[PDB]
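>>> coordinates only, no sequence provided:
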């Protein structure tokens, strides 16, 4: 019993932390590095 | 067959044994397993556990949260689409 | 060829001769750290160690023969380094 | 789709610029303007339309050159008061409007340096809609090669130079080949940008930019025949956006006389009509005049959709045509050559 | 008697009323504040009039506060699912109402400020159109007060 | 007898208070900071006044911290679900209100500080606009204190 | 007595204290680092002053490590779910407040460096802005120290 | 005693320790190799200085290897579910921290190398920035070794 | 008897007959009514003639209203599970065919009036193209009346 | 014998035969109707030749209707699951094949019409391409008639 | 004996053969038809030959039909579940191979037709390119005939 | 005895062997044909030599077929679940490695043919580069031949 | 693009999981689980009803809010060069407020029908209390989403009229015909929500 | 001399002299890390190159060893 609780705690926590990592990692990976004084060269 | 971790009257143990009036008795079956139809020798058939992925409380918790998370995602969709001018007048 | 390939063949000759003779020796002394390296089989437990020892002798000869091929690479490359 | 979100950021400016479209000379205003007989009467007519007071506090001996400068002052201030209020998607789009004027400024700067002229001599001659944000190039002004590096640092045009031009090419190319190769890259990039703003921007804006590419291919072709330009130079200067791109550009690169250019135009009923609508005889509308009428027909028709950027480009090209028209009418009136005064292009 | 989860929905009501009204008042203040800033450069005297779309955004988080405080006083351990879901209904009602009204106050404010600076006749025109937005916060309040008191 | 697993929501309360207040205070500080730096090239004497937006974005992080500590000082092994949910609500209530207030202080602070170097008379207005952005975090706090103390 | 699977949330606390702080410190270092590189060409003297944004992003990784150690040195097989939730909450509180702080440090660090390149007087303002970005890590840390010891 | 469906988490640990660190070193290498390649055109002498970011990426994969091997050697049939989660948390804590460091070095390696060719003084600045980027891989290894041996 | 939940599907049938028809007629009316408004400035006489694409879109809302009324008058708590599904089938069959027709009417009403402004001979063609779109609402109505009465 | 939910598949067959074919015919009419409208300005004579792809887009919803009415008239209060699945597969088969034919008629009936105004000789070939587009509706119908009667 | 759901998959098989081959043949016919339209303007003589990359898109829908008919003529209520999955395999195997061959014929048609307009020698090359697209529908068919008859 | 569903994963293997290999050969033929067509205008002779990208995309389709038929001929109702999992593995292995080889052959084909138009020496080069792509399909095949025959 | 890739990734991952679950419970013969009868009985009638009331007010107010910013953003912008606009074009706002008001009307009407019922076993709850829970949810979505779509529609055509009425004052009184057709959608949402709601009771 | 600048400089230096030195104890783990990589790279290069050259016949073994070790040397150097 409480398997529904553990399943949903673990699934929604691991979904939330997987999305928080993927969103953070996406916003760093596809970050504009903004070196505009040199980027043309 | 049916299987659960507890058939019990105690609140700590899923409380499946409801009593509609006060009583002197208590029971507990731990790892309760039963089958009273379509038996095939000494063995149980496959078991439909009590332990489903979603309880009623979870369904209501999710269909609240994963509804208002549509709202919150729209809140953030507009807020993250806020912008400011790069230039100003003379 | 060029002198570059001749120098590579000289380096490979020296290293190959050194290491293949060292392995030929380690196989000749029946070294335990080479038990995985020798190509043993399920029959090489019958009667005693003599069967596995014959395989250690075979791989010892193979390594000494392989060092001979690095001596030929040597003699060839010591010609090529002068010819190119 | 785009109607739901477009007014969040641009809906004020969409309303402002449509306000500024109501501020144009109607066909009836031009038919009133041509009646009168001196620049003081042009002042009294323009005093009555939305141009009111623009020429108060100015020299009593008026000149047609003042009328030109004051109409540019009106047009630039109206554009700056929009660009200063526009958010990034539109603001990038408005900067693509300014880039056309920036090309015609940077080519003067490079021409000046190739003739050892200081950039400060050309600053007052630069179009104010193409004005620079960064002045280090302007302050240095030393050499053509120094200016090339300073353009790559200072100027949004930097990418168009890197696609087409080295500093050594700027020592050897004719300045009109330079201008056109920049405009090629500008149109192809701006057309791509408009298709990345897909839907009602592209569906109203791409018909204009495809016409700019087709018009350039025709007019560059028919003008090249009297010149040192090879078949390859025509091919290199044509913009790849317009309806001619699949084969019309190839046939125009093969062309060497005006009949073959008409034979390309004959395949597209619009261009068939533009050529058959102009023989370029005495008192006739010329071939380029028919194209300037069609450029205006497209830019009028871009106002028929309430939720897109097409209005800002169209507004600028129609205010440019309105400045062309008012100056031409002012010339006919000031010089007394009233015989050609009907050659302005009507707008709405 | 009650299911052990019962008081959750009313708590998410109290959270939603405060959170979605702050999200609304925030966007409203951000759009309107951007408008006042960009306007002030040309028309600095107009600021004290132009605060109206800002204070009308700030008011949305007062309607969220009123409901979230009403729910927070209305909660108890012994709450039935009925009283709990009523309080969730109140919470979403003022919450997303303020989140919507706050977006119209924001966008109308950000236009209405520049529009008043470039055309002083529009000031009452903005205020009328903002009253017609800020009343959307009151509708989400009126039903939310009804649901919490039912 | 309180269910097992109960403390989780209360813990996510204390966390949400601090996390989403930091997210707000961080966005608020990031935009205000960008505006201060992009401004201060041309009018450097404005820095000492122009920091106030960042201080208000820092106050949101204090509202997160205060609630997150007040929640954590009310966790226990075997917390009753009623108080654990009240703590989740208190957590999100200040947390996402502070997040919203952070966007408002950020967008206002950026547009307003840059506006102020073009036009010094904006500053006495921008402060008022920021008070209407900051008060969202305070309303988030007022609700969160109430929920976390029932 | 206490369940199998109970350590999982405590482990995800140790992980999240670290991972999200390293993502915050990575943003902070990446974004401020590109700023320093682009600035240095025009202003070679400023390099060794301009490292402070990178140093403050480094501290967000430290706050993540401090908690991750304080969680990981506090795991056991028999962990009561209460202590395990407290460790998850701690690991998200510092992990994500460190992320928020790091996101701010990156943006204010870059803007602050590019501004300081053109105008050296900004540097004191850049430090004051940056203190209010790095302190969000400290507030995350405080809540994580509190929770992991409840 | 111990369940099966349990060595899985420790395996996902060993795998993720190698996978997300290989992703970290791949971004670090891909961006640094882009910057070095485009740079070498203007400054062909600079390569053996500017290769350092690529090497600072190669080490992130090795920090993954250390943990991955340490976990894979510590796997056993019927491993206690506790040890298995500690090996998952270790594996992610190096894996995703090495990913964070891989971005932090890839970004500052591309920009730092380009800037260094435009201005040779930046090289000392770049390698100092790379310490503060590469240490994020280290902090994942620190916690991962603690979790692996706890 | 029927099962207790039986009426849910039939309620979704009403609440999708109307909702997706309202989406269809809304888009058809908004796309067409933008078309009419922008067109009308160039041709102020054409509003009276050009309402037809809007009337055709308004008819999709009438089709959704008719099925939704028919469902809502047939619903009862006693509804057999068979009829409840027939009512969802009918509701989607009209509702999403109304959405299809409204999308077509929107596109061909706008392109129709924009073309007609320049060339009045298009007006006869436009009404034919519209009838070939609005009849899709009718085909969805035919099947939905059939399904809801089997 | 049969499940009471058994009709759900046959119902969603009748609906899907219609919905997806009405989406196909709507797209087919939106694209080709835009083609006709934008074309008609230069070539006012071509409208009654170029309506043909709109007529063929209209026929796509007839293919859906023929199957949808055939399925709807083949429902009953406890249908054998086999026939209910057949009715679902029949409905998807024509519905989505009609959707596919609608895409092909929409793209071809737009592109071929702008081509035809440039070059009227294209009209003979355009009809053949439209037959190779429309016949997908018919192959949908053939498979759906076989299945719905098997 | 055999399950309730047994024929469901075999029916989704017949459906998926027809549906995805129609999607393939629709995308083929759409792209190829666009390329023919654009070509016609300056090479009208090529149309009756340039229809080959449309005729072949039609053939892919026929390969969907031949499988979907063959499955549909070999379903029954009693079906062995094994035969039902084989038929699903046939359905996906032709269906999505027809979607792939349709993607290739669409792209090759749209490029090959315009290229032939520029250069008439391309035409034999285009037929050779298209045979290596059309054969992908054939491989899907070969497998689907085998699975459906295994 | 074996589960009634056991052949499902075996059929998904037969299907994936053909589906993803036709997708690979389709993208490999679409990009190749695009490059051939766009090249033919400038170098009409090279179209015959430049077919080879298409011919190697065809080999990826055949590598699907060989496995899809080998799996299909292996199926039986009595199939052990282990044997089905080998076949699923074989299917995804050849299918998605064929897809990967298709992506490689597509891009290499397009860039290779456009380059070869400008430089005839590139032909021998790009043939070798295509061989290093087509071998991915072969390695997919090797693993899938192994798995199907263990 | 950014957030739309997140919504796409959540959407595609969710429906990919629902394909795999809907296959696996079917093929493994576990369709005794996925019991939509448990789902639609265990999920309390109170929850369905209060989401229905909350979405009835809220989605209507979202529709009025997009209504008001879509027409309001253009009224102001066009008003710069034509101040008269702020008289006539306020009618496009009054119609948007009427879409919110159709929300508050129906959300109060549904509210005054919902009552406690003092039971939790599905047989003691009985078909009545479920039919009310569902009907008040559906009524709530029917008024809520119809008013959402009506309000965006009147916003768009209100912006239509306001930009037309900048350039020619004679157009507004005629363009209003499409605002009457836009407003019908909100009132049809109301009519169906009334009819759904009309038969309910709880207790 | 300024107490303010001296306090800021010495604070940062003291953090490095204390907490930085704690972190630096872990920084020397780079030694282990590189050693393990080097050792296992060498191990796999042995395991799937040199091991394959050993065979039960003299000619096939000698030839195999020569080419296998030449491939090993090339990879080992690179």
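Arrived safely, thanks for sending. Residues are numbered from 1 along each chain as shown, chains lettered A, B, ... in the order given.
>>> what segments of the stretch 1-150 of chain D are helices?
D:2-9, D:11-22, D:27-33, D:39-48, D:64-83, D:88-114, D:136-140, D:144-154 (DSSP state H, counting those that start in this stretch).
>>> which one of those helices is the most hemmed in?
Comparing the helices of the stretch 1-150 of chain D by mean neighbour count (mean count of other CB atoms under 10 Å in any protein chain shown), helix D:11-22 comes out on top with a mean of 26. Where C-beta positions appear, they are placed from N, C-alpha and C, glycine not excepted.
>>> quick one: contacts of that one?
If you take CB atoms under 8 Å, 6 or more residues apart in numbering or on different chains as the criterion, helix D:11-22 is touched by D:6-7, D:50, D:78, D:82, D:85-86, D:90, D:303, D:306-307, D:311-312, D:315, D:318-319, E:107, E:110-111, E:114-115, E:118, M:69-70, M:73-82, M:159, M:162-163, M:166-167.
>>> next one: stretch D:73-82
So stretch D:73-82 is contacted by B:89-90, D:13, D:16-17, D:20, D:51, D:54, D:94, D:97, D:128-129, D:312, D:316, D:319-320, D:323, E:118 (CB under 8 Å, 6+ apart).
>>> same check on stretch D:221-233?
D:177, D:234, D:237, D:252, D:253, D:254, D:255, D:256, D:257, D:258, D:261, D:287.
>>> which of those residues lies closest to residue G:41?
residue D:177 (33.2 Å; CB to CB).
>>> neighbours of residue D:336, just the number please.
A count of nearby residues for residue D:336, using other CB atoms under 10 Å in any protein chain shown, gives 9.
>>> so what's it up against?
With CB under 8 Å, 6+ apart, residue D:336 has no contacts at all.
>>> try residue E:95
B:68, B:71, E:16, E:17, E:18, E:19, E:20, E:21, E:64, E:67, E:140, M:58.
>>> what do you get for residue M:161?
By CB under 8 Å, 6+ apart, the contact list for residue M:161 reads I:37, M:71, M:89, M:92, M:171, M:172, M:175, M:176, M:179.
>>> just the buried residues of those.
Neighbour counting over the contacts of residue M:161 (16 or more other CB atoms under 10 Å in any protein chain shown) leaves I:37, M:71, M:89, M:92, M:171, M:172, M:175, M:176, M:179 as the buried ones.
>>> so residue M:51 makes contact with residue E:92?
Yes. At 7.5 Å, residue M:51 and residue E:92 qualify as touching, with contact defined as CB atoms under 8 Å.
>>> how many neighbours does residue M:180 have?
Neighbour tally, residue M:180, other CB under 10 Å: 14.
>>> so it lies in a helix, does it not?
Yes. Counting by DSSP: H, G, I helix; E, B strand; the rest coil, residue M:180 is found in a helix.
>>> gap between the residue of chain E found nearest chain D and residue M:159?
Nearest residue of chain E to chain D, counting by CB to the nearest CB: residue E:111, 3.9 Å away. In this view, residue E:111 and residue M:159 are 12 Å apart by CB to CB, to the nearest Å.
>>> quick one: the helices in chain B, in order.
B:56-79 (DSSP state H).
>>> re the thing from before, so for residue M:51 and residue E:92, which residue has more residues nearby?
residue E:92 (29 against 26).
>>> what residues are up against that one?
B:68, B:71, E:13, E:16, E:20, M:51, M:54, M:55, M:58.
>>> show me which residues of chain B sit near chain D.
For chain B, the residues in contact with chain D (CB under 8 Å from any CB of the partner chain) are B:78, B:81, B:83, B:85, B:86, B:87, B:88, B:89, B:90.
>>> change it to 6 Å
Contacts of chain B with chain D, taken as CB under 6 Å from any CB of the partner chain, map to B:83, B:87, B:89.
>>> and the residues you listed, which is closest to chain J?
residue B:83 (32.2 Å).
>>> and the helices in the chain?
No chain in the question, so chain A it is. A:3-29.
>>> can you look at chain N instead?
Going by DSSP H, chain N shows helices at N:3-15, N:21-27, N:30-47, N:58-77.
>>> near chain C, anything from the last one?
If I follow you right, that is helix N:58-77. Yes. Shown here: helix N:58-77 in contact with chain C (CB under 6 Å from any CB) through N:58, N:61, N:62, N:65, N:66, N:69, N:73.
>>> report the buried residues of that helix.
So helix N:58-77, judged by 16+ other CB under 10 Å, has buried residues N:61, N:62, N:63, N:64, N:65, N:66, N:68, N:69, N:70, N:72, N:73.
>>> could those go into CSV alongside distance to chain L?
Shown next, in CSV, are these (distance: CB to the nearest CB, whole Å):
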residue, distance to chain L
N:61, 27
N:62, 29
N:63, 26
N:64, 22
N:65, 26
N:66, 27
N:68, 22
N:69, 26
N:70, 23
N:72, 23
N:73, 24
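>>> quick check, nearest of these to residue G:102?
Among those, and counting by CB to CB, the member closest to residue G:102 is residue N:72, at 45.7 Å.
>>> that older thread, cross the buried ones among the contacts of residue M:161 against helices and list the overlap.
I:37, M:71, M:92, M:172, M:175, M:179.
>>> go through these and name the one nearest chain E.
residue M:71 (8.5 Å).
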